[PDB]
């Protein structure tokens, strides 16, 4: 008598409501004869999912009739799936800045695979960085200090991915990382072992404590070519383009005073500009002092050939396969994050469903902007949000991935049951 996920789909919002009404009448008439588990199994594994999808959560059949009649009697607009169930989702791993107080507490309790992944990482992060990652992600106050934030966010990122694959049967179609997000992207793509990637993130963030407070970063709603023309024109040498987020968005990095002055100036011209909370100006010459030490610390990291398509934001061709050695991690920290090019390559290759596996979404609008420039209908989802209750763990993200059209293994969530005589809607 536990709550179950009942999938419902059709060809339009009106047809989906007619389908909901038809199913509610059937469930109402046969509730004494049908097991909720069999009906959920039948709707997920015995039905071809149509473009306009939804799902009703219910613990009993009369609760499902109420949920279905709520859908049927409503006037909601149901967006159609953008993926065709042929490719898995593209996991997007953002950099730092997404952290929030006790971000890992609900998932440690509700998702056993999240807890088992944090358990694997716990001794590695303790040996490398000298702290408990479990205390960090469950503390009443947000994790602070670059040496604590980077391993804590990486741990949430990889534990989210492992949960999605092991518990929900969502194998990624591809991965895309943004700045330090590439550490989790490399584990998930099989370019690094979980332990080696933790060593990479721990060693890089310890060295970065030496350059804490060296600069600032800022977002601007201008294309990078335009931003660079403005910096050269103004004779600015202490600030550079650090991230190329989208065709219409750029992140600059450099000295604190000049970055703040550039944001204030863009605001005064009615150009949307924001300071990004970061003490270190990453992907700029501010990180130069640390790079020789980083290369030496990562000399014994053993890279592997990625098993999943990996779209690099470090390399000058995103389609190129990374050799995730110490040189790669030095270039990842110093080079401009070509995130827009990586997302563009994945979209050109046919990927339409993107899901950000991070404590809070930092790149969902960047993904949408790239899609819009390509005239593509894409979905940019968020794995979790700051202070969002997750009572049924990541089951909601599984629902949003299904609604969007991502390819997944329905046998992970609906392993067994009997196919029932539920209605089959003819044209649509």
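Positions refer to the first chain, counted from 1.
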| query | finding |
| --- | --- |
| Mean Cα B-factor comparison, 60-68 or 357-365, giving the higher one as deposited | 60-68 |
| Stretch with the higher entry mean CA B-factor, where the candidates are 70-78 and 273-281 | 70-78 |
| Residue of maximum C-alpha B factor among 332, 258, 163, 157, per deposited coordinates | 258 |
| Lowest, middle or highest third - CA B-factor, residue 139 | highest |
| Position of residue 266 among the chain's modelled residues by C-alpha B-factor, lowest, middle or highest third | highest |
| CA B-factor ranking of residue 372, expressed as a third of its chain | highest |
| Ranked C-alpha temperature factor of residue 35 among modelled chain residues, by third | highest |
| Third of the chain's Cα B-factor distribution that residue 43 belongs to, per the entry | middle |
